[PDB]
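A single chain comes next, written as structure tokens; it is the form deposited without this ligand.
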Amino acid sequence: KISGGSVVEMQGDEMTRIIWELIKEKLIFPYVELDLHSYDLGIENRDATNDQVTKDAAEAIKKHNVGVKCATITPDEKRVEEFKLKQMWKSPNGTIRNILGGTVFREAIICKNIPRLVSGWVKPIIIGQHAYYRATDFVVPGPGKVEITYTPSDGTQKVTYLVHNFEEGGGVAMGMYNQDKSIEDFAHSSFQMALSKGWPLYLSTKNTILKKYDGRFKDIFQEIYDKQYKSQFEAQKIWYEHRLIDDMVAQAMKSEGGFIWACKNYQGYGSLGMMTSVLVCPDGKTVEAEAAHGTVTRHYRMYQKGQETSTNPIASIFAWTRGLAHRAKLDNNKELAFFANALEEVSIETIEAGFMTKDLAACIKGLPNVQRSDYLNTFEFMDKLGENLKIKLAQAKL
């Protein structure tokens, strides 16, 4: 077996909890031994520990640099009643993101025989937004001037901008800000992401409206690029380029994918089971990977009733491969790195060979026309993945 090293694992809820264990038993543990720091973020354990397990897991990722998380229940009124919760606990992902900070990158796994939004997309597209509300909103009770002013610490200037003169009645108003350091982090993660995946980085803004707000982003990116990054980019045939929201969307419809897209926003096509997410810290050392979808409660309800389920494990699987990939990069572990990529290859190869779960079959043929013989159920698909994994690894040996 491979010596994988230190990995922080977080267990989840409902259907993903089941798939998670299938992944560990069929795909990971037979080939990788890990110094595994496992945390049970199941809803009942989070309630029992008064959410302490969530904080402990966050600190564990901070210490060991690699975290892979299963989907978790974010409680609401119904969940509080269903589980007899003591509190409507905050989402584990919010707690973890707030402890680690960083930038989230979403990337949908592409298979040739699965329709994409843009027919021409051959390579993936990695979209990134910064994990930051810290905004001061208030009620304007009646007529009067709302103004926003800046005063430098040296007190040599004072600038006052009229936000609005309320002359008929009141309303609402707010102010919000952004620190340079937070914009710089967003850019560092974004450039390191483009270098890691070996693709070009595009930044899109709306400088035609918030000329000053978005212009600061444009400048901070260009500064960092031309300073510490331009070199590596020209080396790998990649580059950085700023785009307006229109020029960017256009360049995407005509493009073949294969680029990082940084957004200053203030999730659709392709089954949710194909979407991956990665929290990348500015330091470039810490990564937390996980599927972009949820616990799949509906499929779990079928399971509980004893009905066949067909749940896509790809996003969950790619959470492990990304985490193991980063762990291998940190440890210079060529064997683990080879495994992580082999597992990714096998998943796509199996789907592209026609073995797939119902969601993907529906994407191809349309749900009203899918037949039982068009797909595999949850356990059949995991079986096929494990079978092709064993073949692939053994064949690589020769």
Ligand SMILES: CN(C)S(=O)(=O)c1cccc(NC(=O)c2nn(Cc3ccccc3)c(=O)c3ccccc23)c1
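Start at 1 with the first residue shown and count on from there.
The protein also exists as the form deposited with this ligand bound; that form is not presented, and the subsequent description refers to it.
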The one residue among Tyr225, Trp320, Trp121, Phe217 placing a heavy atom within 4.5 Å of this ligand in the deposited bound form is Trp121
Residue within 4.5 Å of this ligand in the deposited bound form by heavy atom, from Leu162, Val172, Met253, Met176, is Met253
Would you please decide whether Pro282 lies within 4.5 angstroms of this ligand in the deposited bound form, comparing each non-hydrogen atom pair? no
**Prompt:** Taking heavy atoms only, is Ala108 within 4.5 angstroms of this ligand in the deposited bound form?
**Reply:** yes
- Hey, in the deposited bound form, is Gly102 touching this ligand, heavy atoms inside 4.5 Å? no
>> Just checking whether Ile127 would be counted as a contact of this ligand in the deposited bound form - the rule being heavy atoms within 4.5 angstroms.
In response: yes
Per contact check vs this ligand in the deposited bound form (non-hydrogen atom within 4.5 angstroms), the hit among 149-157, 178-186, 255-263, 231-239 is 255-263
Across 233-249, the residues having a non-hydrogen atom within 4.5 Å of this ligand in the deposited bound form turn out to be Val249
